[PDB]
Each structure stands twice: as structure tokens, then as C-alpha cells.
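> Need a 3D model of the sequence below.
(2 chains, ligands or ions: 2)
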2 protein chains.
Amino acid sequence: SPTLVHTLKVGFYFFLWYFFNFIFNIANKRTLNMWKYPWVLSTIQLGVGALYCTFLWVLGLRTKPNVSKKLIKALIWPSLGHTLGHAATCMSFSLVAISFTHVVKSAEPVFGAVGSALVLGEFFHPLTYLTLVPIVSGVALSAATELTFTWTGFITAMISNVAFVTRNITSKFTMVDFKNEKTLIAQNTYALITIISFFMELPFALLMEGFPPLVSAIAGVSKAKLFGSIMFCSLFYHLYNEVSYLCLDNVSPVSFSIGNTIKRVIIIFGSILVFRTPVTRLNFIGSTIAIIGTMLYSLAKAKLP
Amino acid sequence: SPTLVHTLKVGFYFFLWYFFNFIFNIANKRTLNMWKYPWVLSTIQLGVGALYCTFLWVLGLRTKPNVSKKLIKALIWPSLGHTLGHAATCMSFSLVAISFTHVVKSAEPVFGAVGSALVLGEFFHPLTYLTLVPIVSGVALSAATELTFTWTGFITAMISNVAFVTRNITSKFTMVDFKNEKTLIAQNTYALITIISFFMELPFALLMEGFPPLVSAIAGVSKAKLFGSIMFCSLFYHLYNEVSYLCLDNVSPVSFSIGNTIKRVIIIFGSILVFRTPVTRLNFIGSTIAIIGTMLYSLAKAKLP
Ligand SMILES: CCCCCCCC/C=C\CCCCCCCC(=O)OC[C@H](O)CO
Ligand SMILES: CCCCCCCC/C=C\CCCCCCCC(=O)OC[C@H](O)CO
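Numbers count the residues shown, from 1 in each chain, chains lettered A, B, ... in the order given. Ligands and ions are numbered 1, 2, ... in the order given. What follows is the structure:
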């Protein structure tokens, strides 16, 4: 029984991750619909999370990390990957239906397995190449039938697969190396990442968008409602990422990506219902085949030498 | 020397393979321009090779093979792969510029390594997945900028990668298992394949297209000139494939496919010049990156366990 309640405790982290992430995705897309500034919005989301984390430390509500030069050095690559994936995915969100962005990002486990096997010196059974056929075909069919398709929206989402996988792998290194450091709990690892990532993205966001005026592109929406929407999705952006690092603490980076693909089925189903996204038969079939393929790919990589 | 004279003789076979195949590709596309019946034309090409081989046997110009029940059984899957790839590529030739057909088929060595590793039980180094990025990106960019792109022309060419790789691997097994059968020289192996393949394709060609009228769609071409064009490309279709089986007899199925990609660079350059194919900057760049990635894939696969 205790082993089962532990898995139920870990599974509950996954639920919270999915639950916060769905609330975030809906509110984030609604923010972008009336305030199309992906660079500044994504930077604000990191800043809100950075501020939230410092207050927890200041108030003594969260253990303060034993910060060292060795730890900051070991978090640069996790923060580089987080910043790039965050800015790329927000750009994708701003250009296409977010259901499509998540279809592209559903192939994350393949990038995760390749990067992890590269680092671990593992080899791939040839049958994993066979499972690439439905993955590549499914994404290609999904993109070719996606009504909101743009090349930049597709490529930024694909780039985020690479950035987040490096983040997850390098973050997993650090969490294992500092496993004895009782103060570096999972939330503190992500807390330091969102602080570093904020200053990493801030100069770029100011360069390409400056200071956008707080004006809704949807007529009739007050500035108070727009500001509230920015803060709301910024809060849940941080909460889902923070809880996800508890999940990352408990699984391998590849299992974390498999957990992300399961998350994305939920986000895709939820977002197309909330936004009444038009979906043709071929688009349904392409996206479903792509996601079946990445699961079969993970199944093949796991069950073969 | 004795190994060197052999590699020079083999190198001369590769030259005839490339030379005959270029003459074939030009004439074949000119015939399809006048007479757009890929099923019947591809079936005729197998039959002319069948007839050419039987005349060599009847006139005592080539040793007759001792055909046995076991040999025929061993040549069914080679003939299935040959028939399918032949009909698929000819269909592709008739729908798009043949330079684009060969760009898609330039990824053949990837299909070759996978199928070869599937049978041999080898595993793939993680770096080979990284080389897939320029391959997928280059083929996608090429397809997205190809003036003559059709989905059918792209898919039939991609399917031919699977069929021909199946043909090469199963043919290589047959040639190895029957190496001690002195009458089964490389040309006799392909001769039997083109006979079986002809009768495999013949019923489908009649069902698909019936008996096409021998009338040129291009003005000023008599029936005799159209007939002569059909025989001409049929002769060099057989000559390039027959000489290619001497190459296959002396190299691995993967090395054969790598030799095919080198051939396709020559065919692409020559066909765009002969046909004055419009090629934009992005299209040349995509096609070059796709073929560069295939050679990098082959390098990573060969240079890493
Ligand atoms: C293992 C990881 C797999 C992930 C890799 C998946 C493979 C994606 C390949 C090609 C998609 C890009 C081609 C896009 C398909 C056609 C869509 C399109 O370009 O449509 C025209 C557009 O509407 C006009 O702007
Ligand atoms: C080993 C790897 C083998 C190579 C794997 C290659 C994967 C390429 C993926 C998709 C190509 C097709 C998608 C791009 C098609 C966009 C062009 C397009 O659809 O344009 C509309 C057309 O003009 C009107 O029919």
C-alpha cells in the first residue's frame, strides 16, 4: 500500500501539472488574442514567477537555496533551454492555433530519447526508425490541413522541442548532482531557472517589442481586464512549470517528455472545445497518427535492447 | 593489383550504371511527355528487358540459369519490390519534374540502412537521428518550393524508396545463397526478376489504363517516332538496371543505395538542364541540404558502431 500511495502522490503532481497548464494555455491564448506581444508577455511570465519565488524565500515560506557559483554555472544551460523554448512556444502561440503548437510539441519524446541516449551512450533499435514514419507523416498531414498554419508558427514550435529537452536533461543532471543538498528542492531548482531566464530574455524582449502599450486589440475590453488577464496567465504559467519540476524530480527526462505528450492530448482536446477550433477529418487523423507514433516510438525504445 | 583490377572493373560498372540511367531518364521523361501512361509504359519497359534477355539465352550469348523451385521462391520478394518501385517511380515521373522525383529518392540510403540493420540486428548511434534533421528539412523545403509538386507524385516516389530497398536486400540474400550456382551470374538474377516483374505488373497495367492509343500528345510526332521512343527508353531502362545488379553483386545493399544517391545528383543536374526546369533559390537550397544530410547520415552510420 505505501508504495501505491507514493505513486498516488507522484500522480497527483502530474494532475496538478496538467490542471495548471490547461488553465494557463486558455488564459495565455486569450491574452495573446488581444495583446499580440509574445516576447514581452513571455518575459513578464518569467518575471512574475521570479517575483513570486523571492517572496516565498523572503517570507520563509520556502527553504532558501544554498546558492553557489558551481550551482549557477550548472543552471545556465537549463536556463538557456528554458528561455529559448519559452520564447519560441509563445511566438508559436501568437501565430497559430495553440492546438497546432501542441501537436508539433507532441513529438518531444523523440527529441528527448535522442538527447538522453546521446548523453548516456545508448543505441537505438532499428524499429524506432520504423515508428518515425507515422510521426513524420502525421505531423506533415496535420500541418498541411491546419487552417491557421504558418511556417514560422510551425518552426518555432519545433525548435521548442529541442530547447526544452536540453533543459530537462541538464536540469536532471543538476538535481542529481545536488541531491544531497537538502535546500535545493525541486521548486528551488525551477525558481533559480525562472530568475536566470527572466534576465536572459529581457534584453531580447525589449529590443524586438519595446514597451507595448496596454491596449486591447479586441474593442470593448478595458485596460483593467487586459492587465488582469496578463497577471492571471503569468501566475498559472509559473505554477504549472513549478509543479512540473516536482514531476521531473521523480522520473527520467524521457518519462517527463512522455508525460508532456499526455498533457498535450488534454490541452488539444480542451483548447479546440473552448475556442471552437475548426478541425477537419484529415487534420484529426494526421494529429492522432503523429501522437500514436511517438508513443509507439517510446514503446519501441523502451522494450528493445 | 588483383584487388585493384577488381575495383577498377567494379568502378566501370558504376559508370555504365550512371551513363545508361541518364540516357534512360531523359528518354523516359520525353516519352511520358508524349504518352502519359505510366502503368503501361513501365510494364512495356520490363517486357522489353524480358525479351532482350531471352534472346541472349536463345542465341547462346549468355549462360542460361538453372531455374529451380527454390530459386523462383527466392525471387518473388525481389520481384515484388522491383515491380512496386518501378510502377511507383514511373507514376511519379509522369506527375512531377523527374528532378524532384530523384530528390525524394535521394533519401534511399536511410531506408537502406534501416532495413539492413533490421535484418542484421544492428543498432543505430544517436548521432544518426541528428542527421535526419537536414534530410527532413531539406526534402520539406524542396517539396514546398517545387513548382510541379503534387502529393501523389511525392508519395509514390517516397514509396519507391521502401520497395527498392526491399528488392536490393532480398536480391542480395538470393545472390549470396545461390553463389555456388555457377549459372546464376548477376545478369541472370536480374533477368529472372524482370521476367517475373513483367507478369506481376501486366494485369494491373491493363486494369489501370487499358490499351492506350499510340498517339503522341505533342504535335509533329508520328506513331513510328513515338514507338521508337518507347523502345529506346525501354532498352536503356533494362541496360542500366542490368549493369546495376553487377554493382549490387559486388557491394552491400547500403553501399548500393549510397551509389544511387550519387547517381541522382548527376540525373538531377542533367535533367534540369535538358528540360530547362525552373529552379528557385530556396528549392536548390532545400534539395542540396536534403542530399547533404543523406551523405552525413551515411557517414555517421558507417563511422560509428
Ligand atoms: C521525430 C520528430 C518528428 C517531427 C518532425 C515532423 C516532420 C515534419 C516534416 C515536414 C513538415 C513541414 C511541411 C509542412 C507540411 C505542409 C504544410 C504546408 O506547408 O502548407 C502550406 C501552407 O499552408 C502555406 O503557407
Ligand atoms: C529519411 C527521411 C526521408 C525524407 C522525409 C521527408 C519528410 C518531408 C515531410 C513532408 C513533405 C511534404 C510536406 C511539404 C509539402 C508542402 C508543399 C505543398 O503542400 O504545397 C501545396 C501544393 O502545391 C498543392 O498540392
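> Helices of the stretch 51-200 of chain A, start to end?
A:69-73, A:76-95, A:98-105, A:108-120, A:127-145, A:151-177, A:186-209 (DSSP state H, counting those that start in this stretch).
> which helices and strands sit right next to the first one?
Taking 3 or more Cβ pairs under 8 Å, 6 or more residues apart in numbering or on different chains; DSSP states H and E as the contact definition, the neighbouring helices and strands of helix A:69-73 are helix A:186-209. Quick note: C-beta positions are derived from backbone N, CA and C, even for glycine.
> next structured bit after the helix it packs on?
Helices and strands here follow DSSP states H and E; after helix A:186-209, the next one along the chain is helix A:223-250.
> For the residue nearest to residue A:48 when sequence neighbours are not counted, give me its contacts.
Counting by Cβ to Cβ, 6 or more residues apart in numbering or on different chains, residue A:234 is the residue found nearest to residue A:48 once chain neighbours are left out, at 3.8 Å. Taking Cβ atoms under 8 Å, 6 or more residues apart in numbering or on different chains, we find residue A:234 in contact with A:44-45, A:47-49.
> which among those residues gets closest to chain B?
Chain B has its nearest neighbour among the contacts of residue A:234 in residue A:45, at 28.9 Å by Cβ to the nearest Cβ.
> what's the neighbour count on the closest one?
Neighbours of residue A:45 under the rule other Cβ atoms under 10 Å in any protein chain shown: 28.
> Tell me who's in contact with the closest residue to chain B within the stretch 101-250 of chain A.
Chain B sits closest to residue A:123 of the stretch 101-250 of chain A, with a gap of 3.7 Å, by Cβ to the nearest Cβ. By Cβ under 8 Å, 6+ apart, residue A:123 lies in contact with A:117, B:123-126, B:305.
> where does the stretch 101-250 of chain A come near ligand 1, residue by residue?
By Cβ under 6 Å from any ligand atom, the part of the stretch 101-250 of chain A that sits against ligand 1 consists of A:107, A:110, A:132, A:135-136, A:139-140, A:143-144, A:149, A:151.
> Please, a ChimeraX command that selects the buried ones among the residues you listed?
The ChimeraX command for the buried members of those (criterion: 16 or more other Cβ atoms under 10 Å in any protein chain shown) is given here:
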select /A:107,110,132,135,136,139,140,143
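> Next, the nearest residue to residue A:182 once chain neighbours are set aside: phi, psi?
Spatial nearest neighbour of residue A:182, excluding adjacent residues (Cβ to Cβ, 6+ apart): residue A:63 at 7.8 Å. Main-chain dihedrals, residue A:63, degrees, to the nearest 10: phi -50, psi 130.
> Just to check, residue A:132 is in contact with residue A:293?
Yes. Shown here, residue A:132 and residue A:293 form a contact pair, counting by Cβ atoms under 8 Å, at 7.3 Å.
> quick one: contacts for the residue in the stretch 101-250 of chain A that ligand 2 sits nearest to?
Of all residues in the stretch 101-250 of chain A, residue A:140 sits closest to ligand 2, at 3.9 Å by Cβ to the nearest ligand atom. Residues near residue A:140 by Cβ under 8 Å, 6+ apart: A:286, B:140.
> and the helices of the stretch 51-200 of chain A, which is most packed in?
helix A:98-105 (a mean of 27; mean count of other Cβ atoms under 10 Å in any protein chain shown).
> Now find how far off-centre that helix is within its chain.
Centroid separation between helix A:98-105 and its chain, computed with Cα atoms, centre = their mean, to the nearest Å, is 11 Å.
> likewise stretch A:291-304?
For stretch A:291-304, the distance to the chain centre is 21 Å (Cα atoms, centre = their mean).
> So what's the residue count around residue A:183?
Neighbours around residue A:183, by other Cβ under 10 Å: 12.
> Contacts only, for it.
Contacts of residue A:183 by Cβ under 8 Å, 6+ apart are A:63-66.
> Select from the residues you listed the one having the most neighbours.
The most neighbours of any of these, using other Cβ under 10 Å, belong to residue A:65, which has 19 neighbours.
> Please name the nearest non-neighbouring residue to that one.
Using Cβ to Cβ, 6+ apart, the closest residue to residue A:65 is residue A:188 (4.4 Å).
> That neighbour and ligand 1, how far apart?
Computed as Cβ to the nearest ligand atom, to the nearest Å, the residue A:188 to ligand 1 distance reads 33 Å.
> who are the neighbours in contact with residue A:243?
Counting by Cβ under 8 Å, 6+ apart, residue A:243 touches A:13, A:16-17, A:20.
> Show me the two of these that sit farthest apart.
Between any two of the contacts of residue A:243, the greatest separation by Cβ to Cβ is 10.7 Å, found for A:13 and A:20.
> what's near enough to touch residue A:274?
So residue A:274 contacts residue A:26 (Cβ under 8 Å, 6+ apart).
> what about residue A:256, neighbour count?
26.
> Buried residues, stretch A:1-19. List them.
For stretch A:1-19, burial by neighbour count (16+ other Cβ under 10 Å) applies to A:13-14, A:16-19.
> Just the ones in helices from those, please.
A:13-14, A:16-19 (DSSP state H).
> export the residues you listed to CSV and tack on distance to residue B:172?
As requested, these are exported to CSV (distance: Cβ to Cβ, whole Å):
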residue, distance to residue B:172
A:13, 52
A:14, 49
A:16, 55
A:17, 50
A:18, 50
A:19, 55
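> who touches the spatially closest residue to residue A:211 that is not a sequence neighbour in this structure?
Nearest in space to residue A:211, with sequence neighbours left out and distances taken as Cβ to Cβ, 6+ apart, is residue A:40 at 7.8 Å. For residue A:40, the contacting residues are A:205-206, A:209, A:211-212, by Cβ under 8 Å, 6+ apart.
> try 7 Å
By Cβ atoms under 7 Å, 6 or more residues apart in numbering or on different chains, residue A:40 lies in contact with A:205, A:209, A:212.
> Provide the secondary structure category for it.
Judged by DSSP: H, G, I helix; E, B strand; the rest coil, the three-state class of residue A:40 is helix.
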